[PDB]
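In this analysis, Cβ positions are derived from the backbone assuming ideal geometry, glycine residues included, and neighbour counts consider all displayed protein chains. Each answer follows from the model by the rule given with it, or from the source it names; none is laboratory data.
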Amino acid sequence: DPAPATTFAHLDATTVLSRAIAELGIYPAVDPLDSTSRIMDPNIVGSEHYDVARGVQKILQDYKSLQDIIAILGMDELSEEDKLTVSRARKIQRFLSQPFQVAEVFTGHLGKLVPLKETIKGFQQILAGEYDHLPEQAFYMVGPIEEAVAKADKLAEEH
Amino acid sequence: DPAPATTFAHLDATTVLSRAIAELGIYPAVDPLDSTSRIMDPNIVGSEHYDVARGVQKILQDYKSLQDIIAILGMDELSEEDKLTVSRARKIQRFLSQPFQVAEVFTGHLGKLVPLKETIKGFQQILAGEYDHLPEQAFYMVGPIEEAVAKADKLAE
Amino acid sequence: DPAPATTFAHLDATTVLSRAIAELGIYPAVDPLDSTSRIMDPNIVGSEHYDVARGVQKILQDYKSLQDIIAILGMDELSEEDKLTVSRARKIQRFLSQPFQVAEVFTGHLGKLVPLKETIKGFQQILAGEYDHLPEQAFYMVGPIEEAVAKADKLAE
Amino acid sequence: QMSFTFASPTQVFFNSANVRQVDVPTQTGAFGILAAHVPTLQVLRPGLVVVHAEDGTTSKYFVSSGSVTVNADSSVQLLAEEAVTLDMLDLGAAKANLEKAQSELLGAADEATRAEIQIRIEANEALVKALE
Amino acid sequence: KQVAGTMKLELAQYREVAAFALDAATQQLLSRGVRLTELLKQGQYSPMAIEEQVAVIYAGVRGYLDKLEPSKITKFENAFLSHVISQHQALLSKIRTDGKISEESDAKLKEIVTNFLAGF
Amino acid sequence: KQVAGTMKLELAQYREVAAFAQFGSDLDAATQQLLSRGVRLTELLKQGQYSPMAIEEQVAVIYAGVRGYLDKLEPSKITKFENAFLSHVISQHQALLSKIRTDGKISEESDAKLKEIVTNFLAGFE
Amino acid sequence: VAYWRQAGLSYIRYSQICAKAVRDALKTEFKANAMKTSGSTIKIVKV
Amino acid sequence: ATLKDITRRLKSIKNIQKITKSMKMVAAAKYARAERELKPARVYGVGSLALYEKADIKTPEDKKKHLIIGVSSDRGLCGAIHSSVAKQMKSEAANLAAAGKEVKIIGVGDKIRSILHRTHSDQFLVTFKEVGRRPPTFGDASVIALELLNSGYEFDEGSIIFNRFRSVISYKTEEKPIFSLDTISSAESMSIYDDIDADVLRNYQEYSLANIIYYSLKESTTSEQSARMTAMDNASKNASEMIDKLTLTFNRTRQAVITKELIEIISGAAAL
Amino acid sequence: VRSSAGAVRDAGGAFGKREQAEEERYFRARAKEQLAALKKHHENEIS
């Protein structure tokens, strides 16, 4: 639309909240592939932060590419490497969700503030495969990664 | 369009004739899902009439939902309940077609009137599955359902 | 779109240069099948010209269809009345190419202005099968059919 | 006259050929089939088939197991599970496996385990005998 | 607030795996989702008191209707309402006045539903 | 021109079988080779930001890419190869780069020098 | 009645073991091709 | 619909067509390989069946134990491959039970299990999955036969149903009888065979069971790959027709939207 | 007019919901399996 289209050029950072992601229950519904920042360069944030961000974006785009095939084959017929990409992509998709201190009324959960180093560590580990055994739902609406581990432990105990 | 869209609010019963259904050969081409009525109320038409109408609409809506996949992937990638739904929905679609007397000149058939009780009974029978052994083209352009059965018998010969 | 929808009302013919044919080294890269003409009518161009053109179009379509089978099931799957059509269609594709007089600095050959009778006779002979013993490359970038004969003699001897 | 048919699951060596003689090893002692042999049906054991072509030629194939069927009308069907020509086999490795199997024979956890182990010894001993 | 929350979670999970129709866990998830779905249907000009809605939704969401067929859920809903509105008017009055499913109210609801389900 | 004609031809071949890239296996050897070469070439065309490259650098890199000298390297390692190889040639071999630059073409002796340089650097990369 | 039948085996198991013994004694290169066209991938679902 | 609805639908159908084309190519390659591997297995299995058709064995008419084996795969999108096999299995099972028999079923492939999990859900002796991921080998048939014999359902008669591969476009569903040694021992045609006690004959029956299962696996996989190639080709053709229709609709809608916006601008300009 | 990746689930037609369910069922199954393994590891690592 002309109004948002024109507004795009006046902003350094943008976070394009998406309805297609809010339907899935991932909140905030920020679209990881449709959001950008000016400072998002390796010389401003660092090479670790930048590489983690680009790895996350690439894995999500590959997941989008695969979703077209899964609509015909099915998950059971994917290359045993592709299922790994899909699992990592779903874990990363859930791990971006976070409970706010102002959305207590809706979710009923408790707000979490995640320091930047903890987010970088969490996503670097999720990509590196150090969590390819925990189920997806363990990562849904939690703060740092250790909280996901604890939630998975609780899920297993009351299994 | 503004004109029909505005007229819709001035009517009790509507009957949306559709060109796709007419292209399938069904006649009248009434679209069973766009057509509506104010007296389609269990307190006015009954409970068998209302239940049968809602069952027909439900099965037709399920068939409409399947149509997109059926068109590409083919009717082989369907569960057995879905194949049953497709068969019943096609039988019902054909059965809603009727030969009018004003079209005697057009097609040479004989015009048919179908009292309400016969309509309700025939659709009850189709819905229950009493006629799953007949060919779907046995319902095309017939009066009451017993005429469909007679047509199916003639097809066997 | 109104622009081509309005211009096409006036066109009396059509030529379709295709990137997919300049790749093959055929020149002029005119799409033989997508090209159209209003006067391709036996009453205008005569019966013999019309029949030759229709035969060439049919054989080219046959080769196009067969290419899918070649790509999927492999060349072995063909019959002997289909490998022959593949060979004839490849020869026809080669013969439809021509060297231009204004392109002697691109093809190393000398341009040919083939009259009409020469073209019709050449394609009629190729369709009849009179040249099934020659190599395909003997037809590439030559003038009348006699040039194809001479090229075959010069490259085989 | 014979109608030999010697086929592995993967490859087929003879198909309705006409050979002179077929020396085959079966569970109940080796034997050799000729034109009008008596009908039988045996089950092979790890050994080596020797086929004599219609002329004086002779060819060896080491069969691991299978079934030989000499039919009424001089038609032999000899289906091996894994028939390998002798040139494809390794002499030293067969000795190594024979010795290893002799080793594990002692740790006979149960008579079924001993059975499988010393079936392995049987097959490897047949291999070394064929290759020596 | 107590009951509709669990119902909301159950339908949210059901809507994800709904487009098809194996294992016990997901099969029961679909069963519960469908039971709740047929629970939410309603007629015309017959609004329900809030306590009655709570009773029906509680019965549906506490795994009670999972035994019944899904085509009979309307019959249950209706008969259960008619039974409770007369025999257990006191419990509905309690729920309305106190405005919550207390522990004693929950135990009652439990026994009423358990008795009625078998007796039907 | 010399290197880019082949690069463009190979990329065009790769773009019409890129749909199979997911399947890849269970396909003929020609399609496997097309997919492999295309992936290597695309990983080659990747570039940093604000890091342009002289024409000699570009031609050296693309020449290494399009002659098969990267068909052994894994695609994830091509972006590191490119970098290390480029630094190598830029430091050790300036005479060859200067020859290519000023001359404008790849002379046969320069082609041989590029061949030996690419093989020697790739001979041990790890 | 061979020993392995006295131990409760079946000729399918005997043939399996003999085939293994013949397969792990091929010239090295052949072993690769023998890995194909051999070895199960089927699974059994308990009923 | 509106322009965005049409655009999204058109993009989705284009992706679907691309995917189905790729899958047709993959299935064609796997089919070529399957035919190549099917020729030798064809001769091998026909040989293994040689005996029974040469020494005509009539099953006893006084036994109630029967076995039905139905060979298919796990993969879908193969058209009426699993459907035909399951239909014939339920036909034969109904006939046997109407004759007063005690039928069981082995399902080689999920889709068979699924099609028959509503009715015949209790007759499953055992079923096998993981079929179709890789070409079947003799190892698979050996495992199936081994788990059939180990599971102590000593059957008195047998049948195997598979889709015999006729041609790249056609296949047929067969029923190959399987006998238990009780029927081989007491057959007068078998009185001619020499050196035949009831132990060598038992090993022979076990091996022939493995052989027939392997033969059926190879035929079934060839026919399945052919059918998947055909199904993907037809699906791609249907997607192409749908893409043509939707492209026409999209062009109409795009032009209509341009005209509508322009007329709005003109009316606003002239209404000042 | 072109096509882009992840468009089948952008339309949200029948194929979109079908794909979403085909994914969700599979990953619910795998999550159940992984949770069982996690419980087993928990119990086996108490000592």
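Residue by residue, here is whether (1) away from chain G (no Cβ under 14 Å); (2) in contact with a helix residue (DSSP H, G or I) (Cβ under 8 Å, 6 or more places away or on another chain) holds:
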residue	(1), (2)
H:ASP182	yes, no
H:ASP199	no, yes
H:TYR207	no, yes
H:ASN234	yes, no
H:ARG254	yes, yes
H:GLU261	yes, no
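Note on segment H:159-211: residues that are part of a helix (DSSP H, G or I) and of a type outside the set (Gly, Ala, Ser) total 17.
Yes or no: D:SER3 within 30 Å of H:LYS218 (Cα to Cα), over 11 Å from the mean Cα position of the chain (by Cα) and either hydroxyl-bearing (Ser, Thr, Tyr) or in the same structural domain as D:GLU125 (by CATH) (or both)?
Taking the combined requirement at face value, the residue satisfies it.
Taking the criterion of being among the β-branched types (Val, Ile, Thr), more than 9 Å from every other protein chain (Cβ to nearest Cβ) and over 17 Å from the mean Cα position of the chain (by Cα), would at least one residue in segment A:69-79 satisfy it? No, every residue in segment A:69-79 fails to be among the β-branched types (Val, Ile, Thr), more than 9 Å from every other protein chain (Cβ to nearest Cβ) and over 17 Å from the mean Cα position of the chain (by Cα). For segment F:21-62, filtering for residues that are of a type outside the set (D, E, K, R) and closer than 29 Å to A:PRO42 by Cα leaves 20.
The residues of segment D:24-58 that are among the polar types (S, T, N, Q) and more than 13 Å from the chain's Cα centre (by Cα), listed by number, are D:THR40, D:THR57, D:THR58. List every residue pair whose Cβ atoms sit under 9 Å apart, with the two residues 6 or more apart in sequence or on different chains, where the first one lies in segment A:142-159 and is at the interface with another protein chain (Cβ under 7 Å from one of its Cβ atoms) and the second, anywhere, is buried (at least 17 other Cβ atoms within 10 Å of the Cβ) and of a type outside the set (A, V, I, L, M, F, W, C). Cβ pairs passing all conditions: A:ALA152/A:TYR131; A:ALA152/A:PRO135; A:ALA152/A:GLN137; A:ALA152/I:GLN34; A:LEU155/A:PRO135; A:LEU155/A:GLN137; A:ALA156/A:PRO135; A:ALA156/I:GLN34.
The numbered conditions (1) closer than 27 Å to F:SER107 by Cβ; (2) out of contact with any helix residue (DSSP H, G or I) (no Cβ under 9 Å at 6 or more places or on another chain) are all true for F:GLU10 except (2). Of the residues making up segment H:44-62, not a single one is charged (D, E, K, R), crowded, with 17+ Cβ neighbours inside 10 Å and in the same structural domain as H:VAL168 (by CATH).
Looking across segment G:1-30, just one residue is more than 9 Å from chain D (Cβ to nearest Cβ), of a type outside the set (A, V, I, L, M, F, W, C) and closer than 22 Å to D:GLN11 by Cα, and that is G:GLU29.
If we keep just the residues of segment D:87-120 that are exposed (fewer than 13 other Cβ atoms within 10 Å of the Cβ) and more than 10 Å from chain G (Cβ to nearest Cβ), which is nearest to the chain's Cα centre (by Cα)? Result: D:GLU99. Do you know which of the residues in segment I:11-35 that are more than 7 Å from chain A (Cβ to nearest Cβ), more than 13 Å from the chain's Cα centre (by Cα) and not basic (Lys, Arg) is surrounded by the fewest Cβ atoms within 10 Å (Cβ to Cβ)? Top of the filtered list is I:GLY12.
Could you run through segment G:14-29 and say how many residues are assigned to a helix (DSSP H, G or I) and surrounded by 15 or more Cβ atoms within 10 Å (Cβ to Cβ)? It would help to see each step written out before you state the result.
Quick first cut of segment G:14-29, residues assigned to a helix (DSSP H, G or I) only: G:14-23, G:28-29.
From what's left, surrounded by 15 or more Cβ atoms within 10 Å (Cβ to Cβ): G:14-23.
Of the residues in that region, 10 qualify.
Scanning for something away from every other protein chain (no Cβ under 14 Å), of a type in the set (A, V, I, L, M) and in contact with a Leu (Cβ under 9 Å, 6 or more places away or on another chain), does segment F:27-42 turn up at least one residue? Yes - at least one qualifying residue is present in segment F:27-42. Taken over segment D:21-64, the criterion of being among the basic types (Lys, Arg) and assigned to a strand (DSSP E or B) is satisfied by D:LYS60 alone. Under 13 Å from H:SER159 (Cβ atoms), part of a strand (DSSP E or B) and either polar (S, T, N, Q) or under 9 Å from the mean Cα position of the chain (by Cα) (or both) - does that describe any residue in segment H:75-95? Checked segment H:75-95: no residue is under 13 Å from H:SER159 (Cβ atoms), part of a strand (DSSP E or B) and either polar (S, T, N, Q) or under 9 Å from the mean Cα position of the chain (by Cα) (or both). Residues of segment B:1-55 that are more than 27 Å from B:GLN137 (Cβ to Cβ), assigned to a helix (DSSP H, G or I), out of contact with any strand residue (DSSP E or B) (no Cβ under 9 Å at 6 or more places or on another chain) and hydrophobic (A, V, I, L, M, F, W, C): B:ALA3, B:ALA5, B:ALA9.
Taking the conditions (1) in contact with a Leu (Cβ under 7 Å, 6 or more places away or on another chain); (2) over 30 Å from B:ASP41 (Cα atoms) in turn, E:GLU77 satisfies each one other than (2).
Checking B:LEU78 against (1) surrounded by 18 or more Cβ atoms within 10 Å (Cβ to Cβ); (2) in a loop (DSSP other than H, G, I, E, B), which single condition isn't satisfied? Unmet for B:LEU78, out of (1) surrounded by 18 or more Cβ atoms within 10 Å (Cβ to Cβ); (2) in a loop (DSSP other than H, G, I, E, B): (1). Inside segment F:74-89, residues that are of a type in the set (A, V, I, L, M, F, W, C), over 11 Å from the mean Cα position of the chain (by Cα) and farther than 17 Å from F:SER110 by Cα make up a count of 1. Kindly indicate whether B:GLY129 is surrounded by fewer than 18 Cβ atoms within 10 Å (Cβ to Cβ), over 16 Å from the mean Cα position of the chain (by Cα) and not charged (D, E, K, R). For B:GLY129, the condition - surrounded by fewer than 18 Cβ atoms within 10 Å (Cβ to Cβ), over 16 Å from the mean Cα position of the chain (by Cα) and not charged (D, E, K, R) - is not met.
Considering (1) surrounded by fewer than 12 Cβ atoms within 10 Å (Cβ to Cβ); (2) more than 25 Å from H:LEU116 (Cα to Cα), the lone condition that B:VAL114 does not fulfil carries the number (1).
Answer yes or no: is there a residue in segment G:35-46 that is surrounded by 15 or more Cβ atoms within 10 Å (Cβ to Cβ), more than 7 Å from every other protein chain (Cβ to nearest Cβ) and either under 18 Å from H:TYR207 (Cα atoms) or not acidic (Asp, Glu) (or both). No: zero hits. For segment A:1-114, the helices (runs of 4 or more DSSP H) that sit wholly inside it and include 2 or more residues that are closer than 22 Å to A:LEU134 by Cα are A:47-70, A:82-95.
Counting the residues of segment H:96-130 that are within 11 Å of another protein chain (Cβ to nearest Cβ), farther than 16 Å from H:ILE161 by Cβ and part of a loop (DSSP other than H, G, I, E, B) gives 6. Scan segment A:78-93 for residues that are touching a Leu at 6+ places or on another chain (Cβ under 9 Å) and of a type in the set (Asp, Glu) and the total you get is 1. Test C:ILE69 against the stated conditions and say whether it is among the β-branched types (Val, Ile, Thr) and under 26 Å from C:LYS151 (Cβ atoms). Answer is no for this residue. Each residue in segment A:79-117 was checked for being under 17 Å from A:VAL56 (Cα atoms) and either touching a strand residue (DSSP E or B) at 6+ places or on another chain (Cβ under 7 Å) or surrounded by 15 or more Cβ atoms within 10 Å (Cβ to Cβ) (or both), and 16 of them qualify.
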